[PDB]
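> A structural model of the following input is requested.
(one chain, ligands or ions: 2)
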Amino acid sequence: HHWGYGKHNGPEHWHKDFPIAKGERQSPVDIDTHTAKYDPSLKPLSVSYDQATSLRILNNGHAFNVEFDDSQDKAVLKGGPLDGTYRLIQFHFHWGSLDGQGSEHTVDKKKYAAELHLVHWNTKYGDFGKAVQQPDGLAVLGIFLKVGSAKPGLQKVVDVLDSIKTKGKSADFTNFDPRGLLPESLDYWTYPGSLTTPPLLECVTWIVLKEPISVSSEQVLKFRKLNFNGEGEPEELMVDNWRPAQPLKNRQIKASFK
Ligand SMILES: NS(=O)(=O)c1ccc(C(=O)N2CCN(c3cc4c(cc3F)c(=O)c(C(=O)O)cn4C3CC3)CC2)cc1
Ligand SMILES: [Zn+2]
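Numbering: from 1, shown residues only. Ligands and ions are numbered 1, 2, ... in the order given. See below for the structure:
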């Protein structure tokens, strides 16, 4: 009886195995745009992905991860609210069964069709497993997806999903450039939070871009043909793999922009 996103094992159940689910800095949250304060002290955000080395794509039973070589400082996130250097390790998405839901963060209670998470870890902790034990261990760059025009830079991901339909399947996924997944603007909101899946560790600086990217109905339909289940098991479509907004508690969401 493992965690997941079903009636019997979904977000409302997680606290039983992972009591930090009811903690002081859980993610995601609703971003109240009228309450978030511009912070003139926020340094410029630096997304350096020119030397990114993608390796593999994995269906982990919850989402799919595009994994990167993080054995040296190739693709890094710096600046913004961050101190030091954060190495890209993987990206994944959360998405809905329909276009009116799927994002984890919400904007004035608005749900997007999906949300991309580019996950990075603080190199002062030496490895990802040590970083997740620290309050400043991870930086996740979150990008909203809306349904409209196709995102050309997403199509190589959409076209490999057939090959990783079920839990535990992977495929070679070299030479993928994550710069093709960014919006024009790097305006963002930031707040201290957590992993949005078990074990829900409170180790994440969240950086959520204001500008969504557009993907096509056909692109997000291919996400929804994935499976939570393993090969040969009854089909359970991989949809609605999102955690709802959590209480903000004693936190301020800061804006990079006026
Ligand atoms: N939606 S999201 O919020 O962006 C997001 C959600 C999940 C993930 C993710 O990929 N995971 C979550 C962390 N999880 C963990 C890994 C851990 C440890 C603890 C861990 F929770 C340890 O304490 C530990 C130790 O040294 O003792 C070692 N490891 C590593 C070596 C395997 C690895 C998988 C990323 C982003
Ligand atoms: Zn995520």
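> Quick one: name the residues of this structure near ligand 1.
Proximity of the chain to ligand 1, by C-beta under 6 Å from any ligand atom, involves residues 117, 119, 128-129, 132-133, 140, 195-197, 199, 201. Where C-beta positions appear, they are placed from N, C-alpha and C, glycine not excepted.
> if you look at those, which of them are in helices?
Within the residues of the chain next to ligand 1, membership in helices is found for 128-129, as judged by DSSP state H.
> And the residues of the chain next to ligand 1, which is closest to residue 214?
Nearest to residue 214 among the residues of the chain next to ligand 1 is residue 117, at 18.0 Å by C-beta to C-beta.
> Next, count neighbours for that closest one.
A count of neighbours around residue 117, defined by other C-beta atoms under 10 Å, yields 24.
> can you count the residues close to the closest residue to ligand 1 within the stretch 101-250 of the chain?
Closest residue of the stretch 101-250 of the chain to ligand 1, C-beta to the nearest ligand atom: residue 129 (2.7 Å). By the criterion of other C-beta under 10 Å, residue 129 has 10 neighbours.
> cool, residue 126 as well?
When counting by other C-beta under 10 Å, one arrives at 10 neighbours for residue 126.
> residues in contact with residue 122?
Listed by C-beta atoms under 8 Å, 6 or more residues apart in numbering, the contact set of residue 122 reads 84-86, 131, 134, 136-139.
> So which of those residues wins on neighbours?
When those are compared by neighbour count (other C-beta under 10 Å), residue 86 ends up highest, at 30 neighbours.
> Leaving out chain neighbours, which residue sits closest to that residue?
If you skip the residues right next to it in sequence, residue 86 has residue 120 as its closest partner in space, 3.6 Å away by C-beta to C-beta, 6 or more residues apart in numbering.
> wait, doesn't that neighbour sit right on residue 87?
Yes. Under the criterion of C-beta atoms under 8 Å, residue 120 lies in contact with residue 87, with a separation of 5.8 Å.
> Tell me where the stretch 1-150 of the chain has helices.
Here the stretch 1-150 of the chain has its helices, by DSSP state H, counting those that start in this stretch, at 14-17, 128-131.
> Tell me which of the ones you listed sits most buried.
Of the helices of the stretch 1-150 of the chain, the one with the most neighbours on average (mean count of other C-beta atoms under 10 Å) is helix 128-131, at a mean of 16.
> roughly how far out does it sit from the chain middle?
Helix 128-131 has its average C-alpha position 17 Å from the chain's average C-alpha position, going by C-alpha atoms, centre = their mean, to the nearest Å.
> by contact count, what packs against it?
With contacts defined as 3 or more C-beta pairs under 8 Å, 6 or more residues apart in numbering; DSSP states H and E, the secondary structure elements packing on helix 128-131 are strand 114-122.
> The strand it packs on pairs with which strands?
strand 86-95 (antiparallel), strand 138-147 (antiparallel) (DSSP bridges).
> and the residue nearest to residue 86, bridged to which residues?
In this structure, residue 120 has beta-bridge partners residue 88, residue 139, where bridges are defined by DSSP bridges.
> SS state for residue 221?
State at residue 221, reduced to three classes by DSSP: H, G, I helix; E, B strand; the rest coil: helix.
> Quick check: the residue nearest to residue 87 when sequence neighbours are not counted vs residue 185, distance?
Closest residue to residue 87 apart from its sequence neighbours, by C-beta to C-beta, 6+ apart: residue 70 at 4.5 Å. If you measure residue 70 against residue 185 using C-beta to C-beta, to the nearest Å, the figure is 26 Å.
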